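Taking the form deposited without its partner chain, here's one chain by itself in structure tokens.
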């Protein structure tokens, strides 16, 4: 076929098999998630979007999945990120210094995957899925991520960290999931400080990007919520990762 329904990529090939194998892998590795039955997890995931108009998905559709994937994360060890997923994950890989959402069962199941169904049909749509901008925002992927990102922000306490891409037009973007959802769902009764790490993509020296207009916006939004704001430049992401792997000795 030469003309698809939606303007975005279709469900990832072997989506059922992949979600299930990820659930097996995760539950075998993480002892706290040993009680999880993976078929019922798959079934709840499936029940959220199958037979449903892929432009009419709600947070409620994902409630059975949220329940089965319930998980305690150390509240003071949360790492948020925005436009810098690779470094965030390489970082938390080193010695579980922290957790990203993709280190939870639910985030781990869905990471890098696309999925949608069809109204009045129980088929998975492997040909196309709604683009969140071109088509509609209430689609299975977008709704999933909004819901889990929010619950993950709500679980944080004490010092929360966020990695930001210092080479973006807007280092902090109000229209990102981080800026539109997570910053507004950090709980001021629990969260003492939001500390931003601004990751330089820029060669060598470079500016004090903690002074960037968008970082000041972030500071201002967070301060008006009664949460403290902290910022640090990461001038050389290569040296940072090395220092995390091997603290001191090296000129860290």
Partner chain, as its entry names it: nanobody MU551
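Positions refer to the first chain, counted from 1.
Only in words, not in the display: the form deposited with its partner chain bound, which the text now covers.
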property	result
46, 112 and 165 all contacting its partner chain in the entry with it bound, non-hydrogen atom within 4.5 Å	no
Contact test in the entry with it bound: residue 92 vs its partner chain, heavy atoms, 4.5 Å	yes
Partner contact for residue 96 in the entry with it bound: its partner chain, 4.5 angstroms, heavy atom	yes
Touches its partner chain in the entry with it bound: residue 126 (any heavy atom, 4.5 Å)	no
Its partner chain contact in the entry with it bound: residue 178, any heavy atom under 4.5 Å	no
Partner contacts in the entry with it bound for 21-60 (non-hydrogen atom within 4.5 angstroms of its partner chain)	25, 26, 28, 29, 30, 31, 34
